[PDB]
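*Asks:* Here is the sequence, then the experimental structure:
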Amino acid sequence: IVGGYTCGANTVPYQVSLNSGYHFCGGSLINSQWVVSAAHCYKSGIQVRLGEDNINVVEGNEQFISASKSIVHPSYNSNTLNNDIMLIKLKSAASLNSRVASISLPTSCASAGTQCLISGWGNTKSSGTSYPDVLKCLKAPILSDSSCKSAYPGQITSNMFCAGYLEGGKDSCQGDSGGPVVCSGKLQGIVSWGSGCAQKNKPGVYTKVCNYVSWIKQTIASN
Ligand SMILES: CC(C)COc1cccc(-c2nc3cc(C(N)=[NH2+])ccc3[nH]2)c1[O-]
Ligand SMILES: [Ca+2]
Ligand SMILES: [Cl-]
(Lines give C-alpha, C1' and ligand atoms only; values in the text may rest on other atoms or scores of the structure.)
(Ligands and ions follow the chains in the order given, each with its own letter.)
Protein backbone atom coordinates (compact mmCIF):
# COMPACT_ATOMS: atom_id res chain seq x y z
CA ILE A 1 0.00 0.00 0.00
CA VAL A 2 1.69 3.29 -0.90
CA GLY A 3 0.58 6.46 1.00
CA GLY A 4 -1.46 4.39 3.53
CA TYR A 5 -1.23 4.04 7.33
CA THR A 6 -0.72 1.29 9.89
CA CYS A 7 -4.12 -0.33 10.36
CA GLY A 8 -3.55 -1.37 14.00
CA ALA A 9 -3.32 -5.06 15.02
CA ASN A 10 -6.37 -7.08 14.09
CA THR A 11 -8.54 -4.06 13.09
CA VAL A 12 -9.18 -5.78 9.71
CA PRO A 13 -10.24 -9.25 10.94
CA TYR A 14 -11.19 -10.63 7.50
CA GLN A 15 -7.74 -9.93 5.91
CA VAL A 16 -5.62 -13.09 5.18
CA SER A 17 -1.99 -13.53 3.87
CA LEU A 18 -1.52 -16.32 1.30
CA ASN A 19 1.89 -17.82 2.14
CA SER A 20 4.18 -20.33 0.24
CA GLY A 21 7.30 -19.83 2.52
CA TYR A 22 6.84 -15.96 2.19
CA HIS A 23 3.82 -13.63 1.78
CA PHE A 24 2.86 -13.37 -1.92
CA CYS A 25 -0.85 -12.25 -1.97
CA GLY A 26 -3.70 -11.12 0.29
CA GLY A 27 -7.24 -12.53 0.43
CA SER A 28 -10.57 -12.15 2.35
CA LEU A 29 -12.29 -14.54 4.70
CA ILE A 30 -15.99 -14.85 3.64
CA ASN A 31 -17.09 -17.78 5.91
CA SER A 32 -15.07 -20.14 8.22
CA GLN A 33 -13.86 -22.42 5.44
CA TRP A 34 -13.60 -20.12 2.36
CA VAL A 35 -11.43 -17.22 1.29
CA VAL A 36 -11.71 -15.17 -1.92
CA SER A 37 -8.55 -13.83 -3.61
CA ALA A 38 -7.47 -13.07 -7.19
CA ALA A 39 -7.04 -15.82 -9.83
CA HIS A 40 -3.56 -14.59 -10.72
CA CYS A 41 -2.41 -15.36 -7.12
CA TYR A 42 -3.07 -19.04 -7.79
CA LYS A 43 -0.26 -21.59 -7.07
CA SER A 44 -0.15 -24.90 -5.24
CA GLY A 45 1.34 -25.21 -1.75
CA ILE A 46 -0.65 -22.32 -0.26
CA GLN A 47 -0.96 -21.89 3.49
CA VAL A 48 -3.65 -19.31 4.50
CA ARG A 49 -2.58 -17.19 7.50
CA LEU A 50 -5.46 -15.59 9.51
CA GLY A 51 -5.22 -13.18 12.52
CA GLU A 52 -2.01 -11.69 11.32
CA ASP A 53 -0.62 -8.24 11.95
CA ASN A 54 3.27 -8.56 11.84
CA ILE A 55 3.74 -11.42 9.23
CA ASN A 56 7.31 -12.10 10.37
CA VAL A 57 6.52 -12.61 14.11
CA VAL A 58 4.01 -15.02 15.78
CA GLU A 59 2.40 -12.44 18.21
CA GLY A 60 -0.64 -14.53 18.97
CA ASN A 61 -4.07 -14.75 17.26
CA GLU A 62 -2.64 -16.46 14.21
CA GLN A 63 -4.29 -19.50 12.67
CA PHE A 64 -2.27 -21.14 9.79
CA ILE A 65 -4.49 -23.48 7.75
CA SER A 66 -3.60 -25.21 4.48
CA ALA A 67 -5.80 -24.74 1.44
CA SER A 68 -7.73 -27.95 0.52
CA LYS A 69 -8.47 -26.60 -3.05
CA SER A 70 -8.31 -23.35 -5.01
CA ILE A 71 -11.02 -22.69 -7.67
CA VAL A 72 -9.90 -20.16 -10.26
CA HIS A 73 -12.84 -18.66 -12.23
CA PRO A 74 -13.33 -20.86 -15.43
CA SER A 75 -13.28 -17.75 -17.63
CA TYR A 76 -10.22 -16.18 -16.08
CA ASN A 77 -7.98 -14.74 -18.88
CA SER A 78 -4.35 -14.26 -17.70
CA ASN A 79 -3.76 -11.78 -20.47
CA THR A 80 -6.51 -9.28 -19.76
CA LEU A 81 -7.03 -10.29 -16.08
CA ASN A 82 -10.77 -10.35 -16.81
CA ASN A 83 -12.57 -12.56 -14.15
CA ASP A 84 -9.59 -12.29 -11.83
CA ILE A 85 -11.22 -14.04 -8.84
CA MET A 86 -10.45 -17.35 -7.06
CA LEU A 87 -12.04 -19.16 -4.14
CA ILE A 88 -9.80 -21.17 -1.75
CA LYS A 89 -11.46 -23.78 0.50
CA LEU A 90 -9.52 -24.33 3.84
CA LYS A 91 -8.49 -27.86 5.05
CA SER A 92 -10.27 -27.15 8.39
CA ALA A 93 -12.59 -24.31 9.36
CA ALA A 94 -11.10 -21.24 11.10
CA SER A 95 -12.20 -20.39 14.70
CA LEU A 96 -13.94 -17.05 14.22
CA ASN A 97 -13.79 -14.45 17.01
CA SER A 98 -13.20 -10.67 17.05
CA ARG A 99 -9.64 -10.97 15.64
CA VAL A 100 -10.63 -13.44 12.88
CA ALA A 101 -14.06 -12.75 11.30
CA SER A 102 -15.60 -12.99 7.80
CA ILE A 103 -16.78 -10.00 5.67
CA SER A 104 -20.14 -9.92 3.84
CA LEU A 105 -20.62 -10.20 0.13
CA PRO A 106 -22.59 -7.27 -1.40
CA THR A 107 -26.20 -7.26 -2.48
CA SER A 108 -25.64 -4.40 -4.91
CA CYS A 109 -22.70 -2.82 -6.65
CA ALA A 110 -21.19 0.34 -5.19
CA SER A 111 -21.28 3.72 -6.87
CA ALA A 112 -18.48 6.07 -7.78
CA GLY A 113 -17.57 8.32 -4.93
CA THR A 114 -18.16 5.47 -2.40
CA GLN A 115 -15.23 5.52 0.08
CA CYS A 116 -13.62 2.07 0.71
CA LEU A 117 -10.81 0.52 2.81
CA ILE A 118 -8.02 -1.37 1.04
CA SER A 119 -5.43 -3.20 3.22
CA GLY A 120 -2.37 -5.41 2.62
CA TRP A 121 1.31 -6.19 3.19
CA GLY A 122 2.37 -5.07 -0.31
CA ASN A 123 5.09 -2.62 -1.25
CA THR A 124 4.96 0.90 0.32
CA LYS A 125 7.11 2.68 -2.37
CA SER A 126 6.10 3.45 -5.97
CA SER A 127 9.78 3.45 -6.99
CA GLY A 128 11.70 0.51 -5.37
CA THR A 129 10.55 -2.25 -2.99
CA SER A 130 9.95 -1.70 0.78
CA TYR A 131 7.64 -4.39 2.18
CA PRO A 132 6.20 -3.83 5.69
CA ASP A 133 5.94 -6.31 8.56
CA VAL A 134 2.49 -5.05 9.70
CA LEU A 135 -0.75 -4.52 7.82
CA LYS A 136 -1.17 -1.22 5.99
CA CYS A 137 -4.51 0.49 5.23
CA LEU A 138 -5.69 3.07 2.70
CA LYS A 139 -9.13 4.72 2.36
CA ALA A 140 -9.85 5.29 -1.39
CA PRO A 141 -13.00 6.19 -3.38
CA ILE A 142 -14.38 4.21 -6.33
CA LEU A 143 -13.90 6.34 -9.51
CA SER A 144 -16.41 6.84 -12.35
CA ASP A 145 -16.35 4.46 -15.23
CA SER A 146 -15.53 7.35 -17.58
CA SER A 147 -12.39 8.30 -15.61
CA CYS A 148 -11.33 4.58 -15.37
CA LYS A 149 -11.73 3.95 -19.15
CA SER A 150 -10.00 7.30 -19.91
CA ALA A 151 -7.03 6.15 -17.82
CA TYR A 152 -6.81 2.56 -19.23
CA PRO A 153 -8.50 2.78 -22.64
CA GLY A 154 -9.38 -0.66 -24.05
CA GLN A 155 -8.42 -2.49 -20.85
CA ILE A 156 -11.36 -2.16 -18.45
CA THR A 157 -14.12 -4.77 -18.72
CA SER A 158 -17.46 -4.65 -16.97
CA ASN A 159 -15.83 -6.86 -14.22
CA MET A 160 -13.37 -4.21 -13.15
CA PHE A 161 -13.60 -0.75 -11.50
CA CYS A 162 -10.89 1.80 -10.61
CA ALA A 163 -10.46 3.21 -7.08
CA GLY A 164 -7.77 5.56 -5.97
CA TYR A 165 -6.37 9.04 -6.56
CA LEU A 166 -5.51 10.45 -10.00
CA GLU A 167 -2.98 12.83 -8.42
CA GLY A 168 -0.81 9.86 -7.42
CA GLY A 169 0.77 9.12 -4.01
CA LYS A 170 -1.78 6.63 -2.59
CA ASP A 171 -2.52 3.22 -4.20
CA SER A 172 -2.39 -0.54 -3.57
CA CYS A 173 0.83 -2.19 -5.01
CA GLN A 174 2.66 -5.50 -5.51
CA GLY A 175 2.05 -7.88 -2.50
CA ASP A 176 -1.55 -6.42 -2.08
CA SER A 177 -3.04 -8.43 -5.00
CA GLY A 178 -5.91 -10.72 -3.95
CA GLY A 179 -6.85 -8.61 -0.93
CA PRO A 180 -10.05 -6.71 0.04
CA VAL A 181 -11.64 -3.44 -1.06
CA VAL A 182 -14.43 -3.05 1.61
CA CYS A 183 -17.08 -0.38 1.34
CA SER A 184 -19.92 0.10 3.86
CA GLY A 185 -18.97 -3.24 5.41
CA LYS A 186 -19.33 -5.22 2.18
CA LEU A 187 -16.53 -6.82 0.08
CA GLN A 188 -16.85 -4.83 -3.22
CA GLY A 189 -13.41 -5.37 -4.83
CA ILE A 190 -10.29 -7.56 -5.00
CA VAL A 191 -6.93 -5.88 -5.60
CA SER A 192 -6.12 -6.92 -9.20
CA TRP A 193 -3.68 -4.65 -11.16
CA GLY A 194 -2.54 -1.12 -12.02
CA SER A 195 0.30 0.59 -14.01
CA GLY A 196 3.18 0.88 -11.48
CA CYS A 197 2.03 2.02 -8.07
CA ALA A 198 0.63 5.46 -7.07
CA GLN A 199 1.46 7.07 -10.41
CA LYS A 200 -0.49 10.14 -11.48
CA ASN A 201 -3.53 9.29 -13.70
CA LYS A 202 -3.03 5.50 -13.28
CA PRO A 203 -5.42 4.45 -10.47
CA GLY A 204 -5.67 0.81 -9.19
CA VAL A 205 -8.03 -1.61 -10.93
CA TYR A 206 -10.10 -4.06 -8.86
CA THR A 207 -12.28 -7.06 -9.61
CA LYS A 208 -15.92 -6.04 -9.29
CA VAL A 209 -17.19 -8.63 -6.74
CA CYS A 210 -20.92 -7.71 -7.08
CA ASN A 211 -20.84 -9.39 -10.55
CA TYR A 212 -19.73 -12.68 -8.98
CA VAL A 213 -21.98 -13.16 -5.96
CA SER A 214 -24.16 -15.89 -7.58
CA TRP A 215 -21.03 -17.71 -8.94
CA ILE A 216 -19.43 -17.59 -5.43
CA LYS A 217 -22.62 -18.84 -3.80
CA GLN A 218 -23.24 -21.63 -6.39
CA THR A 219 -19.62 -22.74 -6.32
CA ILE A 220 -19.38 -22.88 -2.45
CA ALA A 221 -22.68 -24.72 -2.41
CA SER A 222 -21.43 -27.54 -4.70
CA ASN A 223 -17.92 -28.01 -3.11
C1 LIG B 1 1.43 -14.13 -8.57
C2 LIG B 1 1.98 -13.10 -7.62
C3 LIG B 1 3.01 -13.83 -6.73
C4 LIG B 1 2.72 -12.03 -8.47
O5 LIG B 1 1.98 -10.83 -8.34
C6 LIG B 1 2.36 -9.57 -8.79
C7 LIG B 1 3.57 -9.36 -9.42
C8 LIG B 1 3.93 -8.09 -9.83
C9 LIG B 1 3.07 -7.02 -9.59
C10 LIG B 1 1.85 -7.22 -8.96
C11 LIG B 1 1.00 -6.14 -8.72
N12 LIG B 1 1.21 -4.90 -9.13
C13 LIG B 1 0.16 -4.29 -8.64
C14 LIG B 1 -0.15 -2.93 -8.76
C15 LIG B 1 -1.33 -2.45 -8.15
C16 LIG B 1 -1.72 -1.09 -8.24
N17 LIG B 1 -2.91 -0.75 -7.78
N18 LIG B 1 -0.92 -0.18 -8.76
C19 LIG B 1 -2.14 -3.37 -7.45
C20 LIG B 1 -1.79 -4.72 -7.35
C21 LIG B 1 -0.64 -5.12 -7.96
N22 LIG B 1 -0.09 -6.27 -8.03
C23 LIG B 1 1.50 -8.52 -8.56
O24 LIG B 1 0.29 -8.78 -7.94
CA1 LIG C 1 2.49 -12.70 12.92
CL1 LIG D 1 -12.69 1.74 -24.06
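*Replies:* It's in. Numbering: from 1, shown residues only. Ligands and ions are numbered 1, 2, ... in the order given.
*Asks:* Phi first, then psi, for residue 39.
*Replies:* The phi/psi pair for residue 39 (degrees, to the nearest 10) reads phi -60, psi -30.
*Asks:* Which residues of the protein lie near ligand 3?
*Replies:* The chain has residues 149, 153 near ligand 3, with proximity defined as C-beta under 5 Å from the ion. The C-beta positions use only the backbone N, C-alpha and C, and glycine is treated the same way.
*Asks:* Apply 6 Å and report the result again.
*Replies:* 149, 153, 154 (C-beta under 6 Å from the ion).
*Asks:* quick one, domains of this structure?
*Replies:* Here the domain parsing of the chain from curated CATH domains is 1-12+103-210, 13-102+211-223.
*Asks:* Please determine whether the first one lies in contact with ligand 2.
*Replies:* No. Using C-beta under 6 Å from the ion, domain 1-12+103-210 stays clear of ligand 2, coming no nearer than 8.4 Å.
*Asks:* same check, this time on the shortest one
*Replies:* Yes. Contact of domain 13-102+211-223 with ligand 2 (C-beta under 6 Å from the ion) involves 52, 54, 55, 57, 58, 59, 62.
*Asks:* Most neighbours among these, which one is it?
*Replies:* Within the residues of domain 13-102+211-223 next to ligand 2, most neighbours by other C-beta atoms under 10 Å means residue 52, with 27 neighbours.
*Asks:* beta partners of the residue lying closest to that residue once chain neighbours are set aside?
*Replies:* Of all residues not flanking residue 52 in the chain, residue 17 sits nearest, at 5.4 Å (C-beta to C-beta, 6 or more residues apart in numbering). Bridge pairing for residue 17 (DSSP bridges) gives the partners residue 26, residue 49.
*Asks:* Next up, the contacts around residue 17.
*Replies:* Contacts here follow C-beta atoms under 8 Å, 6 or more residues apart in numbering; on that basis residue 17 touches 23, 26, 27, 48, 49, 52, 55, 121.
*Asks:* Next one: residue 119 from ligand 1, what distance?
*Replies:* The gap separating residue 119 from ligand 1 is 13 Å, by C-beta to the nearest ligand atom, to the nearest Å.
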